[PDB]
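Chemist: This one's a deposited entry, sequence included:
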Amino acid sequence: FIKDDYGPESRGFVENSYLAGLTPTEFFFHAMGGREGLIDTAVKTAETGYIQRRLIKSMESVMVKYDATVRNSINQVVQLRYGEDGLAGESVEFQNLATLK
Amino acid sequence: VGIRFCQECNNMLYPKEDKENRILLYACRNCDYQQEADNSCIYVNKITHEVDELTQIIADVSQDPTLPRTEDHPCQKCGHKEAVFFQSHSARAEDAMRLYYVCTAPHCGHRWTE
Amino acid sequence: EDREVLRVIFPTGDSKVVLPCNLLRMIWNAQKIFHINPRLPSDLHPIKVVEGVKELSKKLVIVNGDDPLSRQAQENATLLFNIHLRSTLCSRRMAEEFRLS
Amino acid sequence: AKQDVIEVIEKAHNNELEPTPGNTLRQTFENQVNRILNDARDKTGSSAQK
Amino acid sequence: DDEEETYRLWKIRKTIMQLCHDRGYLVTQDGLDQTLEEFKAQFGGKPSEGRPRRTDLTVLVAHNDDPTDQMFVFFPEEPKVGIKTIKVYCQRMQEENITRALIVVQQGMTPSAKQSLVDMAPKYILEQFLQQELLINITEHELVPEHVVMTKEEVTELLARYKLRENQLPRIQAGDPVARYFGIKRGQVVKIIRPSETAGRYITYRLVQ
Amino acid sequence: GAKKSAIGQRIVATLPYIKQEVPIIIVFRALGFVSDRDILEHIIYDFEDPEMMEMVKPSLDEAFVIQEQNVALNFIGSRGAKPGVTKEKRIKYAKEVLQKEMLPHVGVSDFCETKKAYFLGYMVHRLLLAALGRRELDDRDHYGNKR
Amino acid sequence: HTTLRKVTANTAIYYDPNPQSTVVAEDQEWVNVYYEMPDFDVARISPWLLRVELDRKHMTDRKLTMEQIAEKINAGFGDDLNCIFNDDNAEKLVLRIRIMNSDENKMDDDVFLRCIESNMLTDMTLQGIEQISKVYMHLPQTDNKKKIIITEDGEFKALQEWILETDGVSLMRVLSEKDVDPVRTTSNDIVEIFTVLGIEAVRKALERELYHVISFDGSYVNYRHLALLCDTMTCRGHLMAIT
Amino acid sequence: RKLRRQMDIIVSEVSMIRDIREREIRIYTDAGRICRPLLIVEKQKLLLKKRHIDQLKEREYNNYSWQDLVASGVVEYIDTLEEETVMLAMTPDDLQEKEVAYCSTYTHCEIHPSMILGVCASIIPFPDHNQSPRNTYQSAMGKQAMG
Ligand SMILES: [Zn+2]
Ligand SMILES: [Zn+2]
């Protein structure tokens, strides 16, 4: 490409489709486009797993006491009722109030 | 505006107010040489730093195969049809997509921005 | 009053709210189980709807106690679900759309 | 689409492109070109889906 | 300008009247709501070489249960304040026997003056307020839920219901701007009432430490 | 700060086998160029451009106090691997450093000092070109820069 | 936040020993206008002149007054500095500045004046609140940033009002200023919510942020777990980092 | 460039660069530069002609090989940072021939473009019809295939 070309072809817009097949420069630009995806895939996993571990380590002792109060290992009270409505989260569904609006 | 050097040790002069005659001077600190200030201006700073880049564009740029050229815009001096154009090619240009033109053909090197 | 409370709790008017039991599926289950015909007049007494809901909301217990602090605790815990439950089980709604015997 | 992109670029060469408030000329330029190209690929997509 | 400064002083006085109202001290309905032009007609426009000097903006208010406690609000005229100045203020305090007062500081306090505020707990308690902190009422912000300072009997019944030691409650530090807003001391419990999108209302109890 | 606001941007060098930063003009005078017209003659290739002149101006005022070569070699020598007990030991040491561990590809022997000026000035010069924005900052990943 | 450098086209330090000398071509006019009745010069006038230019675009875009700039320079530096300026009629907008007159009544002068310039260009703080880099203005199409009022029918009406979004944050002084809504103003930064609005605004705010980032992808995580994370973080009474 | 194309004083390995705006002229004889061959274009016409391919198809028992094709100045080695000074064409019969004007000055044309692919990626039939992560995955697995 010629210097100072901002046109669609020079900067990587791909006109062809996978069925017809790419041109060479569109193929190289395409490889550049995929490399970022592979790199994101490889890099994100470590940070996600480490954040997961930190969350689990910080929360690990939180539980529902027989008072339904949510207390950590030290009996300090995080919440008086679980989820503030005191209900488990699996059995709920979405609803419409219909008195509102 | 510019810097001038001493005529004895070739060191950097500095501005000094003349207190008696109220005339600006430049006096080397490593000797006694003194010369009056002709320009009367010392420190100029352009914050917008607007500078015609026609001063920074070399005519040899007309020999580059990698640059685009058009026959639409003729030269002013020689009226040559080939004109090789390029953008600022500079960092901290503010925002300029303006095309700069350089005349091809030997030694003309005329530069007109449109 | 419940409508005003909802308008305090839900600005921007988002009506999609997560609640434990789906009242529309349960009502329209009852219609199909007991073979209700909407083309016929209902035999249901409009009071026993209200008394059914009032006697109902006492038997849904998040907080166990006779203390006034416990009373306000249970009202604040079950508030929104009681508003929804009084919305869908309303007497005129029984006597218009649902035709529940 | 590519002809429209050529039109926009040839506008930017003559400085006629006015910067959108909050955007450098490069930012508004890339914004416009992205608008045009995304419109292209979206329209062609919908066509292939029809 | 004096319009800006007067507008600031109007914000400050109004917000301090809301302070005084939320702590249970007697305030007439006019004292809470004063249109800017009524305030200006009262205190006379421009501060600079003007009617308000930052003195006579001082406020004296009485408690609802007993009139004796009252309260006081000083506005210092200095950019920064020092032990001698506060000492004059406490001299006026012991002169009027009123125990509780406030200070609205334009900029800052020398740390010896802060330590001198902490020095005497029983006799007279003084609370530093920066000028900006009173330029806005934070309790009326959307994120800040309604706070209710609990009396000791309600706290005892609370700890009796859930069978809690005082240490097992969540905490709120005495340097928390809301705790300042209500003038709360170590050992008291606050009752937060906030709406939830599951239950619809939820009550938190925050011990003050 | 009061001094930082007045001076502007000072150019300093990090040399091998030397403890800390050193200003540039002391390094140029340590190569035997006393006058500022020779130093700014090697740094700035055309004096008719005032912008580069204004760029270089503070670096001279920072180094103003050392006008002598041997005093500059003393300036560098005290920062060496170990401080020389006797003075001229430091001058000989810093001189050996400027001959050997300074820019070995230019030359290792004696009069190469002169050449050691030009290329080194080039550094400073090119640095100025990145300060004025007249050139692009090199991309570390460009594979022309890789061997 | 607009520093004096943003609106300043260029700066030149001149040596004029006399007021009416005026080495510049244009300056002599208004110089003589102010020196027909020269005031506060009784001590003496410093020979060192500082002449800065102001681009009319940056000046009129921010609704800046030359008198206002004179008030902020003369107020910031006090009586140690003297400000002289054009009427707007001048096509080239000029601001002339001189060192303290009573200073004539170390540091040299030109060096001290260069230090003055380099202190002004960064330091001045003409308008706004420092640490605010830019402020963006738009009409939001999202129902979260739209003001939704209950009308006289009890219906929910969504209104379009201009909103601002700033690059960089100072929450308190923005909350303090006039015409800004105290109720609905919020920042994403947690700490600047903590030291201003307290721990509860950090509870609900942190909660809204986690819900924003988790539900931005299109994913849905239940309320209870966010509500728990915010509580466990804010339970101890102050922000507990997870570290 | 002539003396390199004739391999007189300059080995074909040396790379030479003229950077016009910085006025420099660089010559790299250094080791480690990764460089690839390219056809040479004079005006719009290739220097590779019919007699060259005639002798290369007869290559057996002519003792005529690639080295004699380099000695004819037809093909030339170019490295990374010299590619910044070059204009390449994908294929001669496409980009060399006249159309609505894009570029004239083309100085080179790649041999064949598919040579940009490595060893493991050269066994993929129709790699341009695939998503690029799949060309990568195949470059990974093709190493593990039994044979
Ligand atoms: Zn001299
Ligand atoms: Zn010409």
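Modeler: Okay, I see it. Residues are numbered from 1 along each chain as shown, chains lettered A, B, ... in the order given. Ligands and ions are numbered 1, 2, ... in the order given.

Chemist: what about residue A:96, distance to chain F?
Modeler: Here the distance between residue A:96 and chain F works out to 55 Å (C-beta to the nearest C-beta, to the nearest Å). No exception for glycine: its C-beta is placed from N, CA and C like everyone else's.

Chemist: I misspoke; the intended subject was residue E:110.
Modeler: 26 Å.

Chemist: surely that residue meets residue E:80?
Modeler: Yes. Using C-beta atoms under 8 Å, residue E:110 is in contact with residue E:80, at 6.7 Å.

Chemist: what does chain A put close to chain H?
Modeler: Residues of chain A lying near chain H by C-beta under 8 Å from any C-beta of the partner chain: A:2, A:18-19, A:21-25, A:27-28, A:30-31, A:33-35, A:37-38.

Chemist: restrict those to those near chain B?
Modeler: Okay, of the residues of chain A next to chain H touching chain B (C-beta under 8 Å from any C-beta), that's residue A:2.

Chemist: For residue C:67, list the residues it contacts.
Modeler: By C-beta atoms under 8 Å, 6 or more residues apart in numbering or on different chains, the contact set of residue C:67 is E:157, E:161.

Chemist: Try it again at 10 Å.
Modeler: C:73, E:157-158, E:160-161 (C-beta atoms under 10 Å, 6 or more residues apart in numbering or on different chains).

Chemist: Could you tell me how far it is located from chain B?
Modeler: 70 Å.

Chemist: thinking residue E:24 is in contact with residue E:63, fair?
Modeler: Yes. In this structure residue E:24 lies within contact range of residue E:63 using C-beta atoms under 10 Å: 6.5 Å.

Chemist: Residues in contact with both of those two, list them for me.
Modeler: residue E:69.

Chemist: Comparing these two, which shows the higher neighbour count?
Modeler: Per other C-beta atoms under 10 Å in any protein chain shown, whichever of residue E:24 and residue E:63 has more neighbours is residue E:63, with 16 against 13.

Chemist: how many other residues sit next to the residue in chain B that chain C sits nearest to?
Modeler: Using C-beta to the nearest C-beta, the single residue of chain B nearest to chain C is residue B:95, 39.2 Å away. A total of 16 residues lie near residue B:95 under the criterion other C-beta under 10 Å.

Chemist: Same check on residue C:27?
Modeler: 17.

Chemist: Spit out the contact partners of the closest residue to residue H:14 other than its chain neighbours.
Modeler: Counting by C-beta to C-beta, 6 or more residues apart in numbering or on different chains, the nearest residue to residue H:14 once its immediate chain neighbours are dropped is residue H:29, at 4.9 Å. Counting by C-beta under 10 Å, 6+ apart, residue H:29 touches H:10-11, H:13-16.

Chemist: Counting neighbours, which of those residues comes out on top?
Modeler: residue H:15 leads the contacts of residue H:29 on contacts (other C-beta under 10 Å) with 22 neighbours.

Chemist: Specify the beta-bridge partners of that residue.
Modeler: residue H:28 (DSSP bridges).

Chemist: hang on, it packs against residue H:31?
Modeler: No. In this structure, residue H:15 is not within contact of residue H:31 by C-beta under 10 Å, at 11.7 Å.

Chemist: Whether stretch B:19-31 contacts chain G - can you check?
Modeler: Yes. Shown here: stretch B:19-31 in contact with chain G (C-beta under 10 Å from any C-beta of the partner chain) through B:19, B:21-25.

Chemist: got it, and stretch F:43-59?
Modeler: No. With C-beta under 10 Å from any C-beta as the criterion, chain G is not reached by stretch F:43-59; the gap is at least 10.6 Å.

Chemist: does chain B sit close to stretch G:12-23?
Modeler: Yes. Against chain B, stretch G:12-23 shows contacts by C-beta under 10 Å from any C-beta at G:12-18, G:21, G:23.

Chemist: so which of these comes closest to residue E:206?
Modeler: For the residues of stretch G:12-23 next to chain B, the minimum distance to residue E:206 (C-beta to C-beta) is 60.4 Å, reached by residue G:13.

Chemist: Let me see the ranges of the strands in the chain.
Modeler: Here I'm looking at chain A. Under the criterion DSSP state E, chain A contains strands at A:63-64, A:70-71, A:77-79, A:93-96.

Chemist: my bad, the chain I had in mind was chain G
Modeler: Going by DSSP E, chain G shows strands at G:8-15, G:48-54, G:81-85, G:93-99, G:134-138, G:147-150, G:156-159, G:163-167.

Chemist: What helices and strands are in contact with the longest one?
Modeler: Packing contacts for strand G:8-15, counted by 3 or more C-beta pairs under 10 Å, 6 or more residues apart in numbering or on different chains; DSSP states H and E, involve strand B:13-17, strand B:24-28, strand B:41-46, strand G:48-54, helix G:56-61, strand G:93-99, helix G:110-123.

Chemist: of these, which approaches residue D:18 most closely?
Modeler: Ranked by C-beta to C-beta, the member of these that lies closest to residue D:18 is helix G:56-61, at 13.4 Å.

Chemist: quick one: secondary structure of residue E:148?
Modeler: Here residue E:148 takes the strand state, with states given by DSSP: H, G, I helix; E, B strand; the rest coil.

Chemist: For it, give the beta-bridge partners.
Modeler: Bridge pairing for residue E:148 - DSSP bridges - gives residue E:191.

Chemist: Thought residue E:154 was touching it, still the case?
Modeler: Yes. Look at residue E:148 against residue E:154 with C-beta under 10 Å: they come within range, at 9.3 Å.

Chemist: Now for these two: what residues contact both?
Modeler: Common contact partners of residue E:148 and residue E:154 (C-beta under 10 Å, 6+ apart): E:189, E:191.

Chemist: what comes into contact with stretch F:125-144?
Modeler: Residues outside stretch F:125-144 that contact it (C-beta under 10 Å, 6+ apart): B:49, B:51, B:53, B:56, B:89-93, F:9, F:11, F:24, F:42-45, F:49, F:51-52, F:54-56, F:118, F:145-146, H:15, H:17, H:21-22, H:28, H:33-34, H:79-84.

Chemist: Closest to residue A:68 out of the residues of stretch B:19-31 next to chain G?
Modeler: residue B:24 (86.6 Å).

Chemist: Check the burial of that closest one by counting its neighbours.
Modeler: 23.

Chemist: Equivalent analysis for residue G:236, please.
Modeler: Counted with other C-beta under 10 Å, residue G:236 comes out at 13.

Chemist: From residue G:199, how far out is it?
Modeler: Separation of residue G:236 from residue G:199 (C-beta to C-beta, to the nearest Å): 10 Å.

Chemist: Same check on residue G:155?
Modeler: Using C-beta to C-beta, one gets 36 Å for the distance from residue G:155 to residue G:199.
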